[PDB]
Amino acid sequence: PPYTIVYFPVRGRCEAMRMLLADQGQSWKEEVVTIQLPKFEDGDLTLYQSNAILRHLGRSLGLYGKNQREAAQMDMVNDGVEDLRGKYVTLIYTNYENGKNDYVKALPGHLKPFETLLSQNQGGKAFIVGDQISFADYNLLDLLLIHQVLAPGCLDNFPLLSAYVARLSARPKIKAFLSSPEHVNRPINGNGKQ
Amino acid sequence: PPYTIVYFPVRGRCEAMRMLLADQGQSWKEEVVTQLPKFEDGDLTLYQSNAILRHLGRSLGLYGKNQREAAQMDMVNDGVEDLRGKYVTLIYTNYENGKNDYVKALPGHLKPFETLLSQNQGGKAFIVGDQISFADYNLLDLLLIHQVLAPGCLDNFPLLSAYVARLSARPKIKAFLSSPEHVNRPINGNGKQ
(Lines give C-alpha, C1' and ligand atoms only; values in the text may rest on other atoms or scores of the structure.)
Protein backbone atom coordinates (compact mmCIF):
# COMPACT_ATOMS: atom_id res chain seq x y z
CA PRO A 1 0.00 0.00 0.00
CA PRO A 2 -0.95 2.70 -0.76
CA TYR A 3 -3.09 1.55 -3.72
CA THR A 4 -3.93 3.58 -6.82
CA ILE A 5 -5.87 2.67 -9.94
CA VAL A 6 -5.29 4.73 -13.07
CA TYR A 7 -8.02 4.07 -15.64
CA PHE A 8 -10.77 5.51 -17.87
CA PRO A 9 -14.15 6.64 -16.43
CA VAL A 10 -15.68 3.19 -17.03
CA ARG A 11 -16.35 -0.04 -15.17
CA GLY A 12 -14.69 -2.12 -17.90
CA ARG A 13 -11.63 -4.08 -16.80
CA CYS A 14 -11.44 -2.56 -13.31
CA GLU A 15 -14.70 -3.36 -11.51
CA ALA A 16 -13.48 -6.79 -10.54
CA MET A 17 -10.37 -5.42 -8.82
CA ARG A 18 -12.42 -2.63 -7.21
CA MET A 19 -14.96 -5.12 -5.75
CA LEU A 20 -12.01 -7.25 -4.57
CA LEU A 21 -10.33 -4.34 -2.74
CA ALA A 22 -13.69 -3.20 -1.28
CA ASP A 23 -14.59 -6.70 -0.12
CA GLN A 24 -11.14 -7.12 1.44
CA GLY A 25 -11.60 -3.87 3.37
CA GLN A 26 -8.82 -1.99 1.60
CA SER A 27 -8.87 1.66 0.51
CA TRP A 28 -7.42 3.03 -2.73
CA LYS A 29 -6.92 6.16 -4.84
CA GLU A 30 -8.69 6.44 -8.19
CA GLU A 31 -6.95 8.42 -10.99
CA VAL A 32 -9.26 9.08 -13.95
CA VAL A 33 -8.00 9.46 -17.52
CA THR A 34 -9.88 10.19 -20.76
CA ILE A 35 -7.33 9.38 -23.49
CA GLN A 36 -1.71 0.65 -21.56
CA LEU A 37 -4.42 0.94 -18.88
CA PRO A 38 -5.22 0.16 -16.20
CA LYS A 39 -2.03 1.04 -14.34
CA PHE A 40 -1.91 -0.05 -10.72
CA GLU A 41 0.40 1.04 -7.94
CA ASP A 42 0.97 -0.88 -4.73
CA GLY A 43 3.53 1.16 -2.84
CA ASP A 44 6.73 0.89 -4.91
CA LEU A 45 5.21 -1.64 -7.34
CA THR A 46 3.73 -0.43 -10.63
CA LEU A 47 1.70 -2.86 -12.74
CA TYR A 48 -0.23 -3.04 -16.01
CA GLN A 49 -2.54 -5.80 -17.32
CA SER A 50 -5.76 -6.22 -15.34
CA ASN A 51 -5.11 -9.97 -14.80
CA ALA A 52 -1.50 -9.49 -13.72
CA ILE A 53 -2.98 -7.05 -11.17
CA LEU A 54 -5.72 -9.49 -10.06
CA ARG A 55 -3.14 -12.28 -9.50
CA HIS A 56 -0.84 -9.92 -7.61
CA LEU A 57 -3.75 -9.00 -5.28
CA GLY A 58 -4.55 -12.71 -5.08
CA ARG A 59 -1.03 -13.52 -3.90
CA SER A 60 -0.56 -10.69 -1.42
CA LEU A 61 -4.04 -10.75 0.08
CA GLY A 62 -4.35 -14.53 0.36
CA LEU A 63 -6.97 -15.12 -2.32
CA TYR A 64 -5.08 -17.70 -4.42
CA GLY A 65 -6.12 -21.01 -2.86
CA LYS A 66 -4.34 -23.30 -0.43
CA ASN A 67 -2.32 -25.56 -2.76
CA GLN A 68 -1.04 -26.25 -6.29
CA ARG A 69 -4.23 -27.85 -7.52
CA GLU A 70 -6.45 -24.95 -6.40
CA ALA A 71 -4.01 -22.40 -7.77
CA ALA A 72 -4.06 -24.28 -11.10
CA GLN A 73 -7.84 -24.54 -11.20
CA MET A 74 -8.23 -20.85 -10.34
CA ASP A 75 -5.93 -19.95 -13.23
CA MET A 76 -8.06 -22.15 -15.50
CA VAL A 77 -11.29 -20.41 -14.44
CA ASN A 78 -9.82 -16.91 -14.83
CA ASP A 79 -8.41 -17.73 -18.27
CA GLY A 80 -11.85 -18.92 -19.32
CA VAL A 81 -13.45 -15.79 -17.87
CA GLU A 82 -10.97 -13.66 -19.81
CA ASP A 83 -11.71 -15.51 -23.09
CA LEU A 84 -15.39 -14.68 -22.88
CA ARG A 85 -14.56 -11.10 -21.78
CA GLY A 86 -12.43 -10.65 -24.87
CA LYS A 87 -15.31 -11.80 -27.08
CA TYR A 88 -17.69 -9.49 -25.24
CA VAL A 89 -15.43 -6.47 -25.71
CA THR A 90 -15.15 -7.19 -29.45
CA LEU A 91 -18.95 -7.30 -29.74
CA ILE A 92 -19.51 -4.12 -27.74
CA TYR A 93 -16.84 -2.07 -29.51
CA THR A 94 -16.82 -3.42 -33.07
CA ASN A 95 -19.96 -5.32 -34.09
CA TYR A 96 -22.67 -4.53 -31.58
CA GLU A 97 -25.63 -4.00 -33.94
CA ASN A 98 -25.08 -7.01 -36.22
CA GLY A 99 -23.18 -9.37 -33.93
CA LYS A 100 -25.38 -9.04 -30.85
CA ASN A 101 -27.89 -11.66 -32.00
CA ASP A 102 -25.21 -14.30 -32.71
CA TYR A 103 -23.42 -13.60 -29.43
CA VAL A 104 -26.52 -14.05 -27.25
CA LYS A 105 -27.48 -17.42 -28.77
CA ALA A 106 -23.91 -18.66 -28.38
CA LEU A 107 -23.70 -17.31 -24.83
CA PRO A 108 -25.32 -20.27 -23.02
CA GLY A 109 -22.60 -22.51 -24.46
CA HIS A 110 -19.96 -20.50 -22.60
CA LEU A 111 -21.71 -20.37 -19.25
CA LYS A 112 -22.37 -24.13 -18.99
CA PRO A 113 -18.73 -24.90 -18.04
CA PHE A 114 -18.95 -22.58 -15.01
CA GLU A 115 -22.25 -24.16 -13.96
CA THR A 116 -20.53 -27.55 -14.18
CA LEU A 117 -17.61 -26.42 -12.03
CA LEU A 118 -19.96 -25.05 -9.38
CA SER A 119 -21.93 -28.30 -9.14
CA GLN A 120 -18.64 -30.19 -8.76
CA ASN A 121 -17.71 -28.00 -5.75
CA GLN A 122 -19.87 -28.63 -2.69
CA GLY A 123 -22.98 -28.58 -4.84
CA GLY A 124 -22.23 -25.03 -5.93
CA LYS A 125 -22.87 -23.79 -2.39
CA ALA A 126 -19.41 -22.32 -1.86
CA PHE A 127 -17.06 -20.57 -4.28
CA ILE A 128 -15.93 -21.24 -7.85
CA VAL A 129 -12.83 -23.12 -6.62
CA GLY A 130 -12.45 -24.24 -3.01
CA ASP A 131 -14.05 -23.22 0.26
CA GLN A 132 -12.77 -19.62 0.24
CA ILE A 133 -13.26 -16.67 -2.13
CA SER A 134 -10.41 -15.97 -4.53
CA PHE A 135 -9.40 -13.38 -7.14
CA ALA A 136 -11.20 -15.60 -9.69
CA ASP A 137 -14.57 -15.23 -7.95
CA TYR A 138 -14.49 -11.44 -8.29
CA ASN A 139 -13.64 -11.65 -12.00
CA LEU A 140 -16.35 -14.24 -12.78
CA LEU A 141 -18.95 -12.32 -10.73
CA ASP A 142 -18.27 -9.17 -12.75
CA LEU A 143 -18.51 -11.12 -16.01
CA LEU A 144 -21.92 -12.51 -15.00
CA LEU A 145 -23.31 -9.14 -13.87
CA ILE A 146 -22.57 -7.40 -17.17
CA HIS A 147 -23.99 -10.35 -19.12
CA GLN A 148 -27.29 -10.15 -17.28
CA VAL A 149 -27.33 -6.55 -18.55
CA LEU A 150 -26.43 -7.63 -22.11
CA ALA A 151 -29.10 -10.36 -22.16
CA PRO A 152 -31.52 -10.44 -19.20
CA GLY A 153 -32.40 -13.94 -18.08
CA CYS A 154 -29.27 -15.48 -19.59
CA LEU A 155 -28.78 -17.18 -16.22
CA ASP A 156 -32.32 -18.57 -16.04
CA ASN A 157 -31.22 -22.02 -17.24
CA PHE A 158 -28.35 -21.87 -14.71
CA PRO A 159 -29.59 -22.21 -11.10
CA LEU A 160 -26.09 -22.49 -9.60
CA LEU A 161 -24.64 -19.45 -11.37
CA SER A 162 -27.87 -17.61 -10.59
CA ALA A 163 -27.60 -18.47 -6.87
CA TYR A 164 -23.85 -17.76 -6.79
CA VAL A 165 -24.42 -14.22 -8.13
CA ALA A 166 -27.12 -13.39 -5.57
CA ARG A 167 -25.00 -14.91 -2.81
CA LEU A 168 -21.81 -12.97 -3.58
CA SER A 169 -23.63 -9.70 -4.35
CA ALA A 170 -25.22 -9.91 -0.90
CA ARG A 171 -21.82 -9.90 0.82
CA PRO A 172 -22.05 -6.64 2.85
CA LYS A 173 -18.91 -4.86 1.61
CA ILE A 174 -19.62 -5.80 -2.01
CA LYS A 175 -23.25 -4.73 -1.59
CA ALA A 176 -22.05 -1.35 -0.37
CA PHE A 177 -19.68 -1.01 -3.35
CA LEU A 178 -22.36 -1.87 -5.90
CA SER A 179 -24.57 0.77 -4.29
CA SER A 180 -21.80 3.41 -4.27
CA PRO A 181 -22.07 6.61 -6.38
CA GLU A 182 -18.64 5.91 -7.83
CA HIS A 183 -19.92 2.58 -9.16
CA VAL A 184 -23.47 3.65 -10.06
CA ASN A 185 -22.61 6.73 -12.11
CA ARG A 186 -19.86 4.96 -14.07
CA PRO A 187 -20.84 3.39 -17.43
CA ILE A 188 -20.13 -0.33 -17.96
CA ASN A 189 -18.37 0.44 -21.28
CA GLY A 190 -16.63 3.42 -22.84
CA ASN A 191 -18.92 3.71 -25.87
CA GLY A 192 -22.32 3.74 -24.19
CA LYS A 193 -23.18 0.26 -25.45
CA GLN A 194 -23.92 -2.68 -23.12
CA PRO B 1 4.00 -36.85 -13.54
CA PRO B 2 3.40 -38.66 -15.88
CA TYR B 3 2.89 -35.81 -18.36
CA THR B 4 0.67 -35.97 -21.45
CA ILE B 5 -0.23 -33.28 -23.93
CA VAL B 6 -3.41 -33.72 -25.99
CA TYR B 7 -3.49 -31.32 -28.96
CA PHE B 8 -3.88 -30.87 -32.72
CA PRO B 9 -0.81 -31.66 -34.87
CA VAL B 10 0.52 -28.09 -34.95
CA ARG B 11 3.10 -26.09 -33.04
CA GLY B 12 0.53 -23.45 -32.11
CA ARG B 13 -0.10 -22.94 -28.41
CA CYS B 14 1.91 -25.97 -27.26
CA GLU B 15 5.49 -25.33 -28.45
CA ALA B 16 6.23 -23.08 -25.48
CA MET B 17 5.33 -25.80 -22.96
CA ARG B 18 7.14 -28.44 -25.05
CA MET B 19 10.39 -26.41 -25.03
CA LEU B 20 9.89 -25.83 -21.28
CA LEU B 21 9.58 -29.55 -20.51
CA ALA B 22 12.49 -30.42 -22.80
CA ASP B 23 14.68 -27.73 -21.24
CA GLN B 24 13.79 -28.98 -17.78
CA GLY B 25 14.72 -32.53 -18.83
CA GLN B 26 11.20 -33.89 -18.36
CA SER B 27 9.53 -36.56 -20.47
CA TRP B 28 5.98 -36.54 -21.79
CA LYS B 29 3.54 -38.24 -24.17
CA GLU B 30 1.80 -36.53 -27.08
CA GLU B 31 -1.78 -37.44 -27.92
CA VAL B 32 -2.62 -36.12 -31.38
CA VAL B 33 -6.16 -35.09 -32.29
CA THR B 34 -7.61 -33.58 -35.46
CA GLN B 35 -10.89 -26.89 -25.54
CA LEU B 36 -7.42 -28.18 -26.46
CA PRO B 37 -4.75 -28.31 -25.39
CA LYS B 38 -5.59 -30.67 -22.54
CA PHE B 39 -2.68 -31.49 -20.27
CA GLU B 40 -2.28 -34.20 -17.65
CA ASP B 41 0.17 -34.24 -14.78
CA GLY B 42 -0.58 -37.39 -12.80
CA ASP B 43 -4.05 -36.98 -11.23
CA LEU B 44 -4.30 -33.36 -12.40
CA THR B 45 -5.99 -32.48 -15.71
CA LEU B 46 -5.69 -28.91 -17.00
CA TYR B 47 -7.00 -26.84 -19.92
CA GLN B 48 -5.91 -23.36 -21.13
CA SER B 49 -2.32 -23.09 -22.40
CA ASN B 50 -1.46 -20.30 -19.93
CA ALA B 51 -2.94 -22.10 -16.91
CA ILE B 52 -0.69 -25.01 -17.90
CA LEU B 53 2.43 -22.83 -18.29
CA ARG B 54 1.82 -21.30 -14.83
CA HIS B 55 1.34 -24.74 -13.27
CA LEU B 56 4.64 -25.89 -14.79
CA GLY B 57 6.16 -22.67 -13.46
CA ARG B 58 4.88 -23.32 -9.92
CA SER B 59 5.73 -27.03 -9.69
CA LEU B 60 9.05 -26.85 -11.53
CA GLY B 61 10.26 -23.65 -9.84
CA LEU B 62 10.18 -21.30 -12.82
CA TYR B 63 8.00 -18.54 -11.33
CA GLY B 64 10.61 -16.24 -9.75
CA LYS B 65 11.92 -15.78 -6.22
CA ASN B 66 9.43 -13.27 -4.82
CA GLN B 67 6.16 -11.35 -5.14
CA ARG B 68 7.65 -8.70 -7.39
CA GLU B 69 9.16 -11.20 -9.85
CA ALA B 70 5.98 -13.26 -9.94
CA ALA B 71 3.95 -10.12 -10.77
CA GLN B 72 6.39 -8.96 -13.45
CA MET B 73 6.34 -12.44 -14.98
CA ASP B 74 2.52 -12.38 -15.10
CA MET B 75 2.67 -8.94 -16.68
CA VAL B 76 5.08 -10.16 -19.40
CA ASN B 77 3.12 -13.32 -20.20
CA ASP B 78 -0.13 -11.37 -20.45
CA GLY B 79 1.69 -9.10 -22.88
CA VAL B 80 2.86 -12.10 -24.88
CA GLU B 81 -0.65 -13.55 -24.96
CA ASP B 82 -2.13 -10.26 -26.28
CA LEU B 83 0.20 -10.27 -29.29
CA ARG B 84 -0.35 -14.03 -29.82
CA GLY B 85 -4.10 -13.52 -29.91
CA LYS B 86 -3.73 -10.81 -32.53
CA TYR B 87 -1.39 -13.09 -34.46
CA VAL B 88 -3.88 -15.97 -34.44
CA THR B 89 -6.63 -13.66 -35.69
CA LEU B 90 -4.41 -12.60 -38.60
CA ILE B 91 -3.36 -16.12 -39.59
CA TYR B 92 -6.87 -17.57 -39.43
CA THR B 93 -9.06 -14.57 -40.28
CA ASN B 94 -7.45 -11.82 -42.36
CA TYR B 95 -4.07 -13.06 -43.56
CA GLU B 96 -3.99 -11.85 -47.19
CA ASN B 97 -5.30 -8.31 -46.65
CA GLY B 98 -4.35 -7.78 -43.01
CA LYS B 99 -0.77 -9.05 -43.13
CA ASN B 100 0.68 -5.69 -44.21
CA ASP B 101 -0.98 -3.65 -41.45
CA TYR B 102 0.10 -6.24 -38.89
CA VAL B 103 3.76 -6.24 -39.88
CA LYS B 104 3.87 -2.41 -39.74
CA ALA B 105 2.30 -2.17 -36.29
CA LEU B 106 4.47 -5.07 -35.16
CA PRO B 107 7.61 -3.13 -34.12
CA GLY B 108 5.42 -1.09 -31.78
CA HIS B 109 4.53 -4.23 -29.85
CA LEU B 110 8.09 -5.47 -29.51
CA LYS B 111 9.68 -2.28 -28.14
CA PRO B 112 8.25 -2.85 -24.64
CA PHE B 113 10.03 -6.25 -24.41
CA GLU B 114 13.29 -4.72 -25.61
CA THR B 115 12.88 -2.02 -22.95
CA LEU B 116 12.28 -4.64 -20.26
CA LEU B 117 15.44 -6.48 -21.28
CA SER B 118 17.53 -3.28 -21.19
CA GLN B 119 16.39 -2.70 -17.60
CA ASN B 120 17.36 -6.23 -16.53
CA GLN B 121 21.16 -6.47 -16.42
CA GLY B 122 21.52 -4.82 -19.80
CA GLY B 123 19.40 -7.57 -21.33
CA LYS B 124 22.13 -10.14 -20.72
CA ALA B 125 20.04 -12.46 -18.54
CA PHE B 126 16.36 -13.36 -18.71
CA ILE B 127 13.17 -11.37 -19.25
CA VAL B 128 12.67 -11.11 -15.47
CA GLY B 129 15.37 -11.83 -12.92
CA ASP B 130 18.53 -13.90 -13.12
CA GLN B 131 16.80 -17.22 -13.85
CA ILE B 132 14.65 -18.62 -16.67
CA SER B 133 10.91 -18.65 -16.01
CA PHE B 134 7.80 -20.00 -17.76
CA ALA B 135 7.58 -16.49 -19.31
CA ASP B 136 10.87 -16.82 -21.23
CA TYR B 137 9.69 -20.00 -22.97
CA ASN B 138 6.47 -18.27 -24.11
CA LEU B 139 8.15 -15.03 -25.27
CA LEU B 140 10.84 -16.96 -27.17
CA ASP B 141 8.20 -19.00 -29.05
CA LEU B 142 6.35 -15.81 -29.92
CA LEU B 143 9.57 -14.23 -31.26
CA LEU B 144 10.52 -17.31 -33.32
CA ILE B 145 7.18 -17.44 -35.19
CA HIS B 146 7.30 -13.67 -35.80
CA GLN B 147 10.72 -13.94 -37.44
CA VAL B 148 8.94 -16.39 -39.77
CA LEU B 149 5.99 -14.02 -40.34
CA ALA B 150 8.28 -11.06 -41.02
CA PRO B 151 11.98 -11.87 -41.46
CA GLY B 152 14.02 -9.02 -40.07
CA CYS B 153 11.41 -7.86 -37.53
CA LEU B 154 14.04 -8.12 -34.79
CA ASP B 155 16.61 -6.11 -36.78
CA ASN B 156 15.81 -2.88 -34.91
CA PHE B 157 15.93 -4.80 -31.59
CA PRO B 158 19.48 -5.93 -30.70
CA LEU B 159 18.57 -7.10 -27.18
CA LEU B 160 15.72 -9.34 -28.39
CA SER B 161 17.84 -10.59 -31.30
CA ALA B 162 20.59 -11.55 -28.84
CA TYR B 163 18.09 -13.10 -26.42
CA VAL B 164 16.61 -15.36 -29.11
CA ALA B 165 20.04 -16.53 -30.21
CA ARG B 166 21.14 -17.07 -26.61
CA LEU B 167 18.13 -19.11 -25.48
CA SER B 168 17.90 -21.03 -28.75
CA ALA B 169 21.46 -22.23 -28.05
CA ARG B 170 20.55 -23.85 -24.73
CA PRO B 171 21.52 -27.53 -25.35
CA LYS B 172 18.13 -29.10 -24.56
CA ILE B 173 16.15 -26.46 -26.49
CA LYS B 174 18.56 -26.73 -29.44
CA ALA B 175 18.05 -30.48 -29.39
CA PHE B 176 14.26 -30.06 -29.27
CA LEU B 177 14.18 -27.52 -32.08
CA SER B 178 16.20 -29.95 -34.19
CA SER B 179 13.90 -32.89 -33.42
CA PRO B 180 11.71 -34.49 -36.12
CA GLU B 181 8.58 -34.10 -34.00
CA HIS B 182 9.19 -30.35 -34.04
CA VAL B 183 10.57 -30.10 -37.57
CA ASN B 184 7.63 -31.89 -39.23
CA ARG B 185 4.84 -29.97 -37.49
CA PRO B 186 3.23 -26.90 -39.08
CA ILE B 187 3.36 -23.71 -37.01
CA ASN B 188 -0.39 -23.21 -37.56
CA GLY B 189 -3.31 -25.41 -38.58
CA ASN B 190 -4.09 -23.73 -41.89
CA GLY B 191 -0.71 -23.84 -43.59
CA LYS B 192 -0.34 -20.06 -43.33
CA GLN B 193 2.45 -18.44 -41.27
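Residues numbered from 1 in each chain as written, not as in the entry; some residues may be left out. Chains lettered and ligands numbered in written order. Heavy atoms only, no water.

- Method of determination, as given in the entry header: X-ray crystallography; reported resolution: 2.0 Å.

Here's the deal with the overall build of chain A
Thought 1: In terms of helices and strands, chain A carries 8 helices and 4 strands.
Thought 2: In chain A, the order of α-helices and β-strands from amino to carboxyl end is β-α-β-β-β-α-α-α-α-α-α-α.
Thought 3: Against the globule reference of 16 Å for 194 residues, chain A gives a C-alpha radius of gyration of 16 Å, in line with a compact fold.
Thought 4: Along the longest, intermediate and shortest principal axes, the C-alpha atoms of chain A span 45 × 40 × 30 Å.
Thought 5: For chain A, the computed accessible surface area is about 8900 Å², with 52% contributed by carbon and sulfur atoms. (Helix = DSSP H or I, 4+ residues; strand = E, 2+ residues; numbered from the N terminus. Rg over C-alpha atoms; globule rule 2.2 N^0.38 Å. Areas by Shrake-Rupley, 256 points an atom, 1.4 Å probe, with all protein chains shown as cover.)

As for the overall build of chain B
Thought 1: When you go through chain B residue by residue, the secondary structure sums to 8 helices and 4 strands.
Thought 2: Going from the N terminus to the C terminus, chain B shows its helices and strands as β-α-β-β-β-α-α-α-α-α-α-α.
Thought 3: In summary, chain B has a C-alpha radius of gyration of 16 Å against a globular reference of 16 Å for 193 residues, a match within 12%.
Thought 4: Overall size of chain B, expressed as C-alpha extent along the three principal axes, is 45 × 40 × 30 Å.
Thought 5: Taken across its 193 residues, chain B has 50% of its residues classed as buried.
Thought 6: Approximately 8800 Å² of chain B is accessible, and the part contributed by carbon and sulfur atoms is 51%.
Thought 7: Placing the 21 positive and 20 negative side-chain charges of chain B at their respective mean positions leaves the two points 4 Å apart. (Buried < 20%, exposed > 50% of the residue type's maximum accessible area, 1.4 Å probe, protein only. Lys, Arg positive; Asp, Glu negative; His and termini not counted. Charge placed at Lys NZ, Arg CZ, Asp CG, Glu CD.)

Looking at the interface of chain A and chain B
Thought 1: Contacts between the two partners involve 21 residues from chain A, matched on the other side by 22 residues from chain B.
Thought 2: For the pairing of chain A and chain B, the buried interface totals around 1800 Å² over both sides, and the portion due to carbon and sulfur atoms is 55%.
Thought 3: Inspection of the region where chain A meets chain B yields 2 salt bridges.
Thought 4: With a shortest N-O distance of 3.0 Å, B:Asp74 and A:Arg59 are connected by a salt bridge. (Contact = heavy atoms within 4.5 Å. Buried area = accessible area lost by both parts, 1.4 Å probe. Salt bridge = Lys/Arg side-chain N within 4 Å of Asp/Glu carboxyl O.)

Details of the packing of aromatic side chains
Residue and element names in this part refer to chain B.
Thought 1: Counting across every chain of the model gives 7 aromatic pairs over all chains.
Thought 2: Where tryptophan 28 meets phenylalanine 176, the ring centres are 6.5 Å apart and the plane angle is 50°; that geometry is what we call tilted.
Thought 3: Note on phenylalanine 176: relative accessible area 4%, which makes it buried. (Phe/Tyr/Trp six-rings, centres within 6.5 Å; stacked < 30°, edge-to-face > 60°.)

Considerations on the packing of helix 4 (residues 95-119) of chain B against helix 6 (residues 158-168) of chain B
Residue and element names in this part refer to chain B.
Thought 1: Between helix 4 and helix 6, the least distance of the axes is 8 Å, while the angle of their chain directions is 75°. The angle between the axes of helix 4 and helix 6 places the two elements in the roughly perpendicular class. Contact residues: helix 4 offers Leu110, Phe113, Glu114, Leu117 and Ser118, while helix 6 offers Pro158, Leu159, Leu160 and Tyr163.
Thought 2: Class assignment for the residues of the contact of helix 4 with helix 6 results in 7 nonpolar, 1 polar and 1 charged. (Axes fitted to C-alpha atoms, helices over the stretch in contact; angles between N-to-C directions. Parallel < 35°, antiparallel > 145°, perpendicular 65-115°, else oblique. Nonpolar A, V, L, I, M, F, W, Y, C, P; charged D, E, K, R; others polar.)

Brief notes about the packing of helix 3 (residues 68-94) of chain A against helix 5 (residues 135-150) of chain A
Residues and elements named next belong to chain A.
Thought 1: Here helix 3 crosses helix 5 at 30°, and the two axes come no closer than 10 Å. In terms of orientation, helix 3 lies roughly parallel with respect to helix 5. Crossing angle aside, the handedness with which helix 3 passes helix 5 is left-handed. For the pair helix 3 and helix 5, contact is made by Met74, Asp75, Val77, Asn78, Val81, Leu84, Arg85, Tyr88, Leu91 and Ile92 and by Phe135, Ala136, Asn139, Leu140, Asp142, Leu143, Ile146, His147 and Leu150, respectively.
Thought 2: For the contact of helix 3 with helix 5, the residue count by class is 13 nonpolar, 3 polar and 3 charged. (Left-handed = near helix turned anticlockwise from the far one by under 90°.)

Comments concerning the domain arrangement of chain A
Residue and element names in this part refer to chain A.
Thought 1: Along its sequence, chain A is organised into domain 1 (2-63 + 172-193) and domain 2 (64-171).
Thought 2: The centre of domain 1, based on its C-alpha atoms, is set 19 Å off from the matching centre of domain 2.
Thought 3: Between domain 1 and domain 2, the buried area comes to about 2200 Å², and carbon and sulfur atoms account for 55% of it.
Thought 4: Together, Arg55, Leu63 and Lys193 form the three largest contributors to the area buried by domain 1 at its contact with domain 2, with a combined 26%.
Thought 5: Linking domain 1 with domain 2 are 5 salt bridges. (Domains from an automatic or database assignment.)

Quick notes on the sheet that holds strand 1 (residues 3-7) of chain B
Residues and elements named next belong to chain B.
Thought 1: The strand order across the open sheet formed by 4 strands is 2-1-3-4, and the pairing between neighbours is mixed. This sheet does not close on itself; its edge strands, each paired only once, are strand 2 (29-32) and strand 4 (44-47). In this sheet, adjacent strand axes meet at a mean angle of 20° when their direction is disregarded.
Thought 2: Along the sheet, helix 2 (residues 49-60) makes contact with strand 1, strand 3 (38-41) and strand 4, crossing strand 4 at roughly 135°. (Pairing = 2+ DSSP bridges.)

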